[PDB]
Amino acid sequence: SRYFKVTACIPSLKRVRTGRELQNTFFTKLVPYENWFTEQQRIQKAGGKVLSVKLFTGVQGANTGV
Amino acid sequence: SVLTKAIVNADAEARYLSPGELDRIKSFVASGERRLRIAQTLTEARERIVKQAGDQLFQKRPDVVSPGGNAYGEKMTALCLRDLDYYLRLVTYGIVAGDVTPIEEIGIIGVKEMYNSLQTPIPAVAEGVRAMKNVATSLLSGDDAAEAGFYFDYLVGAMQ
Amino acid sequence: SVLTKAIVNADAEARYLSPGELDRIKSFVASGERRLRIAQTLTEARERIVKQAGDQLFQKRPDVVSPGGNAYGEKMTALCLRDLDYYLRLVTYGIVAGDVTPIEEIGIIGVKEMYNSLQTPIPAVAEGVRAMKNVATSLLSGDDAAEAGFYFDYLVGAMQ
Amino acid sequence: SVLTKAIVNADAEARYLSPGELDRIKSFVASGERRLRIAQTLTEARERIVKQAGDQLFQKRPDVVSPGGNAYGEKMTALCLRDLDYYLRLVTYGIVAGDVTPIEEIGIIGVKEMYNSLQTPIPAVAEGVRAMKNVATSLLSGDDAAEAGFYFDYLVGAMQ
Amino acid sequence: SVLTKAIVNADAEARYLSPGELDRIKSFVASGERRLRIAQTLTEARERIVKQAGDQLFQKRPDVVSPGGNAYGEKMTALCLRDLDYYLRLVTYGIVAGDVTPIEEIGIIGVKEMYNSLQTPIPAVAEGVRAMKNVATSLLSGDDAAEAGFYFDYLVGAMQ
Amino acid sequence: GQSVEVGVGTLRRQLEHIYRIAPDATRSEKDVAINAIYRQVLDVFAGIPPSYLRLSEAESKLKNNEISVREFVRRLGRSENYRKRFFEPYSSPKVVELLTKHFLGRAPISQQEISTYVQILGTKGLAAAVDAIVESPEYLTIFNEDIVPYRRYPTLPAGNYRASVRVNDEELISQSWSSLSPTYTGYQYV
Amino acid sequence: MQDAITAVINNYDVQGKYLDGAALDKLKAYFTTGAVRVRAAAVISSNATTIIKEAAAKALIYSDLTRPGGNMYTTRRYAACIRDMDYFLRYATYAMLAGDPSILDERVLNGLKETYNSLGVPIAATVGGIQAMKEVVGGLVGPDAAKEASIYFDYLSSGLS
Amino acid sequence: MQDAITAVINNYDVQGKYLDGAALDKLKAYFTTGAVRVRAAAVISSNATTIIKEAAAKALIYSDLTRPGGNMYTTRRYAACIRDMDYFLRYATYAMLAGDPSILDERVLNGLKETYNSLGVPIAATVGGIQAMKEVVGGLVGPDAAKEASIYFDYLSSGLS
Amino acid sequence: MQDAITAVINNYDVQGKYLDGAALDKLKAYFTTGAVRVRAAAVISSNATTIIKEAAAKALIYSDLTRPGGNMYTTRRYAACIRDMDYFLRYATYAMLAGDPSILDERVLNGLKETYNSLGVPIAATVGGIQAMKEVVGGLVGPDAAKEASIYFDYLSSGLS
Amino acid sequence: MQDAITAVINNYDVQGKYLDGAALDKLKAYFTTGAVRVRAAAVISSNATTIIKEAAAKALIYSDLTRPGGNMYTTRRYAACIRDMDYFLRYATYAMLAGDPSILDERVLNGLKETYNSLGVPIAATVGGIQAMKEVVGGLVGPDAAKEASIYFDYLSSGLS
Ligand SMILES: *[C@H](C)[C@H]1/C(=C/c2[nH]c(/C=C3N=C(/C=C4\NC(=O)C(CC)=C4C)C(C)=C\3CCC(=O)O)c(CCC(=O)O)c2C)NC(=O)[C@@H]1C
Ligand SMILES: *[C@H](C)[C@H]1/C(=C/c2[nH]c(/C=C3N=C(/C=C4\NC(=O)C(CC)=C4C)C(C)=C\3CCC(=O)O)c(CCC(=O)O)c2C)NC(=O)[C@@H]1C
Ligand SMILES: *[C@H](C)[C@H]1/C(=C/c2[nH]c(/C=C3N=C(/C=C4\NC(=O)C(CC)=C4C)C(C)=C\3CCC(=O)O)c(CCC(=O)O)c2C)NC(=O)[C@@H]1C
Ligand SMILES: *[C@H](C)[C@H]1/C(=C/c2[nH]c(/C=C3N=C(/C=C4\NC(=O)C(CC)=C4C)C(C)=C\3CCC(=O)O)c(CCC(=O)O)c2C)NC(=O)[C@@H]1C
Ligand SMILES: *[C@H](C)[C@H]1/C(=C/c2[nH]c(/C=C3N=C(/C=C4\NC(=O)C(CC)=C4C)C(C)=C\3CCC(=O)O)c(CCC(=O)O)c2C)NC(=O)[C@@H]1C
Ligand SMILES: *[C@H](C)[C@H]1/C(=C/c2[nH]c(/C=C3N=C(/C=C4\NC(=O)C(CC)=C4C)C(C)=C\3CCC(=O)O)c(CCC(=O)O)c2C)NC(=O)[C@@H]1C
Ligand SMILES: *[C@H](C)[C@H]1/C(=C/c2[nH]c(/C=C3N=C(/C=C4\NC(=O)C(CC)=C4C)C(C)=C\3CCC(=O)O)c(CCC(=O)O)c2C)NC(=O)[C@@H]1C
Ligand SMILES: *[C@H](C)[C@H]1/C(=C/c2[nH]c(/C=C3N=C(/C=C4\NC(=O)C(CC)=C4C)C(C)=C\3CCC(=O)O)c(CCC(=O)O)c2C)NC(=O)[C@@H]1C
Ligand SMILES: *[C@H](C)[C@H]1/C(=C/c2[nH]c(/C=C3N=C(/C=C4\NC(=O)C(CC)=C4C)C(C)=C\3CCC(=O)O)c(CCC(=O)O)c2C)NC(=O)[C@@H]1C
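Residues numbered from 1 in each chain as written, not as in the entry; some residues may be left out. Chains lettered and ligands numbered in written order. Part of a larger assembly, values for the part shown. Heavy atoms only, no water.

What the deposited record gives as its method is cryo-EM, and the resolution it gives is 2.85 Å.

Named according to the PDB entry, chain F is Phycobiliprotein ApcE originating from Gloeobacter violaceus PCC 7421. For this entry, the PDB record gives the title as "Phycobilisome core from Gloeobacter violaceus PCC 7421".

Going by the annotation in the PDB entry, the name recorded for chain A is Phycobilisome 7.8 kDa linker polypeptide, allophycocyanin-associated, core, with Gloeobacter violaceus PCC 7421 given as the source organism. Here chain A is described in UniProt, under the heading Subcellular location (unreviewed entry), as follows: "Cellular thylakoid membrane". On record in UniProt, under Sequence similarities (unreviewed entry), the comment for chain A is "Belongs to the phycobilisome linker protein family." (UniProt positions renumbered as here; feature names shortened; annotations may be inferred.)

Student: Can you help me understand the site of ligand 8 in this one?
Tutor: Neighbouring ligand 8 are 21 residues; F:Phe45, F:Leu172, H:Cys81, H:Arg83 and H:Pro122 lie closest to it. Two or more chains meet at ligand 8, and those chains are chains F and H. One of the side-chain nitrogen or oxygen atoms of H:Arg83 is found 2.8 Å away from an oxygen atom of ligand 8. Between ligand 8 and H:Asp84, the relevant distance is 3.1 Å, taken from a nitrogen atom to a side-chain nitrogen or oxygen of the residue. Taken by itself ligand 8 offers 870 Å² of open surface, and the protein chains cover 89% of this. Those elements that place two or more of their residues in the shell around ligand 8 are α4 (75-98), α6 (112-119) and α7 (123-141) of chain H. Examining the composition of the shell around ligand 8, we find that seven residues originate from one element, α4(H), more than from any other. Looking at the shell around ligand 8 residue by residue, the class counts come to 13 nonpolar, four polar and four charged. (Near = heavy atom within 4 Å. Polar contact = N/O pair within 3.5 Å; in protein donor to acceptor, adjacent residues only side chain to side chain. Areas by Shrake-Rupley, 256 points an atom, 1.4 Å probe, with all protein chains shown as cover. Helix = DSSP H or I, 4+ residues; strand = E, 2+ residues; numbered from the N terminus. Nonpolar A, V, L, I, M, F, W, Y, C, P; charged D, E, K, R; others polar.)

Student: I'm lost on the arrangement of the chains in this one. Help?
Tutor: There is no contact between chain A and chain D; across them, the least C-alpha separation is 41 Å. Separated without contact, chain B and chain H have their nearest C-alpha atoms at a distance of 18 Å. (Contact = heavy atoms within 4.5 Å.)

Student: How should I be thinking about α4(H) in this particular structure?
Tutor: Residues and elements named next belong to chain H. Over its 24 residues, α4 extends 35 Å from the first C-alpha to the last, a length consistent with the 34 Å expected when each residue adds 1.5 Å. Most of α4 is tucked away, with 20 of its 24 residues classed as buried. With its phi angle positive at about 80°, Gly99 sits one or two positions after the end of α4. (Expected span 1.5 Å × (residues − 1). Buried < 20%, exposed > 50% of the residue type's maximum accessible area, 1.4 Å probe, protein only.)

Student: What's the story with the side chain of F:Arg74 in this structure? I'm lost.
Tutor: Along the chain, the position of F:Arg74 falls in helix α3 (residues 69-78). Among all residues touching F:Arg74, those that are not within four sequence positions of it are A:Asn35, F:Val130, F:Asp131, F:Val134 and F:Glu135.

Student: Is there a simple way to explain the packing of helix α8 (residues 142-158) of chain B against helix α2 (residues 19-44) of chain C in this structure?
Tutor: Angle between the axes and distance between the axes are the two parameters that describe a pair of packed helices. Where α8(B) contacts α2(C), the axes come no closer than 10 Å and their chain directions differ by 145°. Crossing angle aside, the handedness with which α8(B) passes α2(C) is right-handed. Contacts between α8(B) and α2(C) involve B:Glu147, B:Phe150, B:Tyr151 and B:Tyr154 from the former and C:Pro19, C:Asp23 and C:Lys26 from the latter. (Axes fitted to C-alpha atoms, helices over the stretch in contact; angles between N-to-C directions. Left-handed = near helix turned anticlockwise from the far one by under 90°.)

Student: Explain the side chain of H:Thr115 to me, please; I cannot follow it from the model alone.
Tutor: Secondary-structure assignment places H:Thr115 in helix α6. Here H:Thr115 falls in the buried class, since its relative accessible area comes to 8%. Those residues in contact with H:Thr115 that lie beyond four places of it in its chain are F:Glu170, F:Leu172 and F:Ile173.

Now the structure itself:
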């Protein structure tokens, strides 16, 4: 399956949190292609900015094996 | 393909292929040569299968080729026949693969959404595929027809 | 069993059985009668298979039947042979099922933990299964032996 | 039912029903509709209550389902479950009646003698009823459960 | 207590107590007798500690005992002193326990919320505890005082 | 009179430990977190996974920091072992209940919540329902990516505190995952 | 779940007995039936939407249920009922392939009665719908397959009622 | 959970009383026992695997349970039973250090009976295993420690039964 | 939840009847009351902290409950009790705007008795606190608003008791 | 991932061409090779543990790596290295059955070089181990199978280096 490597930064505008949030704030992650759409939306809704997106696995414009 | 499916299940389990899984692979490789011939037959008869199925579909559904209907007009009728041709090509691919996965990726995922935007009726498309099956069955030998039927049935099931 | 595995995958996907999955079921039902005979053969030869394998194992591993070793003593030696018999019964079940799942639930999950508490050496157990395979192979016809071998190999793989 | 009780007391005294007695009758008739619902609930869950209680009883008393024991064997086990079902039916009748009298006439008089001829142990029967109570209580709402409990407790007391 | 804390960490890890953890327990049991004496000393001097600390607090914060202030009036001043007494009792409990957990459950969780409803200033409460510490330190021997100080400091840290 | 351990009590608090994987964290630190993930999702209350339960490839990615804890948790619901032990045996409504306990640490808040997840299970894969819960806002708020799930008995939805106690404290799994070799009732005594 | 083959195995395993000819005969019986079952399953999958439609037409629709104040009134409830119908069909198909009723008990049948009673869904009407589906299915599958298909449908019906 | 020290504290806290000499004496009693307990705990942890092995040998194995049709038949079930045995041992060790039975009630004892009854695990056999572990543990820990260890084992046994 | 407007709609929908004048009159009645309710809600929200403080002062504090061995003894318990008080106030305000008691039943009232009994929280004292809040609220909202506010407070009290 | 059969299909699909005889011939070629591959895979699975052992003995162990200050020093690192070896073997077996190198690229090869460089794992030694496994595998599988097996092993080696 196609996989996405995503780097994004998210700010906590609603509430101040005592516990360390640094992992949540800046998170380079591998996302399944199917999941990424929803994940991208979630980052946008948070007001976080997605710094970089790359397709880690799979071939672009492949009809099958996707 | 059968092989891809087996590998994927094994990888999820993080194990080497099970004996049972291996046996199914063995059966598939033996079947393959027969499968290739079945696919070849349909490819040769492709043009006629599409034509005959189209006519049957239009008789089955007068509405689709009517001024209201989506299929109506030369351009539109050609597109409807092109779609039938596409599905036939997919079915041939499926027979050689021994699995619906190749068919499924190209044709069955998002099909509802695509046709709804087009406003093409999904049931009519299914009828066309059924029609193609009947034509294809006649040209195929009985055992060959049964194999082909499964793939045809899957398509009909997928769009329903 | 083959069928159980297929159904379970379908239920997870919440879909009707795929054509490919259905085909594998068809192949399995055809194979079954042959499989039943293979299982029957091993059942009849069970007593001798266990005996021969035991002797081979004890030759291969003098230590297990030595004062230090777990197998040593009449009671213990009987238990070791009983274990070999258990694994043979599981293998027969597997052949009829066409899948390792029946074998796996009864014998391969938690096996390490059980034997570690007992202090029985796992590699020696594996050798015993290998020994049983060789005896079983000789009695079986070549094609039959290959089928049986897969199940035997799985057991050996599991206990490692 | 309750009203019968009131009438009987009046007849013994050879007097018309007291106002207080009449008031209690009025309260009972109002309560009846609620009581009917409670009974209905248990009736619907009857099959499961019996099954669950049976299992609990057999776990609590291995002996009853043992070669010596009365319950042992399919025929006998069925009869034991039938008995549990009978008692549940009686309890439902009791709840609607608002009195144990209906229960008492059918099930609690001569019960000792009947079971002694059968040789069934009376305490085990009591445990079965207790088991049924626990299952029934869980399905019932708390206040409903308390009402049902009284009838269940009476049965347990009677067979004791 | 020390022991509770150690057990809890072990359970989270799902392991038996580590040697290091065991050593800390050993140290604690040795320390306990000394700890008991420290606690006893403060208990005897309790009445005077509270009184002296109160006076110091009121000198430090004239406002609290002023018409605007929460502490003002005899009833209110008594309650403020009662609170100081409560915290002292908690500190003694802590010293014997060897951990702040006993203190923490009774006094430090929800403290902010409680005082905010009361409208008592949290910093003033902290000053009172600091004051109590100074009085307590004077009565205690230096080493004893250091032990007591830690618990007093925790309280001040918890509520600020 | 009442005591400190009377209502909620002391224990439930202090048996919850937020776990965050750190890249530079030493292996033993890291493993303890990994073990707890397995512990909550797959209900391994021994609290150390059996080797066959473990997913190595996913763990290797997690130790590398390629994948987040949230992603690793999604993979576990994706895995067969979950499907084997939890989805297959239980009924559709129950499966949902387990999902919420395994993921989100709480009993299903509402019948409506149950319905939505059931619908997903019926119309799409077990995987799809697992994805949904990890994707769901509540999960994100309570654990985001970095935090390993924990039992959390909520209380803000009405009745959930009661339900959550029931699902975490009482309903220890009562079914065998495997169908094979069913136990005979007797032989109680040894 | 369990299947016919595994059911035989499990019975032998509790006894500890090696597989015997009598057991083998039961397995052999299943193997012959297998081919028919596979064909039936494919038929049902292809015609599933229609089967549900026909069955609904026979029992559910044009009824008080669909009329206001009926359980299947409102789009949401209507959709739920047809979803349930699909479930029953899919599981029955699974059971037919398996040759064992256990899967129905493990997934569909367990807790359904209680759920329905709380919901206020009418069990008898649901049973009626299942019976209707059976009749439609019987036609499509053909006679040999129909007998096999019928038992699973009847099993569902008995469980619910 | 609770420990002996905290138990004393809690009793005083509900009274509102400051700690008194009588209370101190109870605490002092615990402190003397403490050193012994720590030594016992270390012994148990080191010999845990063997303790379980010996106890199983005494009660569980060579029995109908291990024979086909028995609860502990099949590797999976065998492994489960020894896992449960380990749990009991670990918790008993925790309780012994704590000097209080409460942790057993909060973690081990709560809902176990009901779980076992649904599973069909035999309670009496489990209790037998716990008693066997106690005997083995008693030997290793030595007499002074054994008395303390025994009470927690007995507490577990009583809870299950 | 349900509100007065929706309650009327739902009753008509089950009948399948189009909205009629009698129904319209009920809706109209609500609309007149609405303006008052909105004003009351704003008052309550602004004074919520004080309302709770006053009510606690009237009933909860300076009592055995707050004294050691009382349910509201310890900071944790004190904080819990005032949190519960806030809940009741917020929900009552919601109910007053809605004009329907149903939301109280759906969220607050359901399972509260059982929760409290397990916790050992005293219901009568809680009811006392609710009644105290009602009295304070009545003053702030003013007479016309008070009547409307009172019914929801009384509804909560009756449910708990 | 992709397999030989699907690769042919994919190439035709992008062209939009129906399957032709030339394409069929490639598929036919694969089908003949298939039987050999299945036999090879079974051999590898059974001897996997030994294959890894032999290969490690040839290259990894008795070396500076295993000695203190070496990348495979400490139990944790040793275990990691043999786990990686197993991965390579399993994936190569998958690739051999598939008849396509793509799976290796998609799962094993992608990002491995970068991971290893950050870790400080020595690539050349790893490559050496892969080559050693190939040699051992070649023996067991036999000559016809060996040629097919070798290409996938070489593919892994080239990717890493
Ligand atoms: C104060 C001297 C300066 C300042 C601080 C500031 N920080 C944020 C937001 C964040 N700060 C952090 C930092 C950390 N989180 C951690 O876990 C750690 C390690 C333990 C650190 C150091 C993070 C992650 C955030 C983002 C989300 C959050 O709230 O934690 C802000 C707010 C930025 C915004 O616009 O939201 C501010 C103001 N800024 C100054 O002006 C000071 C010089
Ligand atoms: C023989 C190849 C090796 C060997 C065997 C051995 N086993 C035991 C004891 C037991 N073995 C089992 C095994 C099983 N129970 C099951 O349910 C299954 C799967 C169906 C198996 C494999 C059990 C349960 C026991 C315990 C006794 C009992 O049956 O109740 C022993 C005796 C050891 C002891 O001290 O108990 C031995 C020797 N050991 C070797 O050395 C051989 C290589
Ligand atoms: C003194 C340093 C400050 C001060 C004290 C003060 N307290 C109250 C009222 C209360 N104090 C408590 C506190 C506790 N309850 C507990 O369980 C514990 C821990 C064991 C504590 C510390 C409580 C519950 C009350 C409420 C009344 C009651 O006890 O029933 C007051 C008066 C409250 C009021 O005016 O409304 C005061 C004055 N206030 C200050 O400003 C001092 C700095
Ligand atoms: C205050 C008037 C009285 C009081 C209350 C009290 N409650 C608790 C603990 C809980 N109370 C609740 C209640 C609710 N949960 C809900 O969802 C709702 C509806 C919106 C309510 C009202 C719950 C569930 C708890 C337990 C969970 C939690 O605390 O988060 C306590 C303390 C118990 C404890 O051990 O913490 C108290 C004191 N008790 C009194 O003394 C007053 C009369
Ligand atoms: C053995 C031949 C050589 C070796 C291996 C080695 N690897 C690591 C650590 C990791 N290796 C990987 C590789 C993979 N993870 C995957 O998912 C896959 C594809 C399926 C591969 C190939 C990863 C990700 C790690 C890092 C995280 C983890 O440990 O899982 C080490 C240990 C380094 C450490 O200190 O963590 C070692 C030793 N090194 C040798 O010495 C051999 C030459
Ligand atoms: C008219 C614009 C189009 C049309 C209508 C049509 N409907 C049916 C059958 C049903 N329609 C409903 C719909 C509802 N039930 C509800 O509760 C609601 C929301 C309030 C709706 C909209 C239902 C339940 C049925 C089932 C029959 C029944 O009354 O129980 C049909 C009959 C279809 C058949 O073959 O049976 C038709 C024709 N169809 C069109 O083509 C128009 C565009
Ligand atoms: C249709 C023939 C009848 C009908 C159906 C109906 N069902 C519900 C709600 C549920 N029904 C189920 C049943 C299942 N869900 C499953 O996943 C499975 C096993 C695969 C079954 C059998 C469940 C659990 C629910 C509740 C949650 C959900 O909706 O998914 C309704 C809705 C009732 C309501 O008021 O919510 C309906 C209408 N009812 C009829 O009228 C027909 C007779
Ligand atoms: C060994 C002496 C006896 C024995 C053990 C046994 N247990 C199971 C299965 C389970 N046991 C538990 C127990 C717990 N779960 C908990 O959460 C706790 C307390 C916190 C305990 C102690 C549970 C829940 C299960 C089910 C799932 C699981 O095993 O994780 C089995 C197997 C039953 C099965 O069918 O899987 C066995 C064998 N049984 C005996 O006969 C011995 C006397
Ligand atoms: C002695 C008690 C037993 C024994 C020893 C034995 N060991 C090996 C080989 C190795 N031992 C290690 C272990 C470690 N490497 C580490 O980094 C650490 C942690 C600091 C340990 C403990 C390793 C790496 C090896 C492999 C070879 C090497 O050292 O480079 C052997 C040879 C293995 C073989 O089978 O050829 C032996 C014999 N064997 C016994 O029977 C004793 C019980």
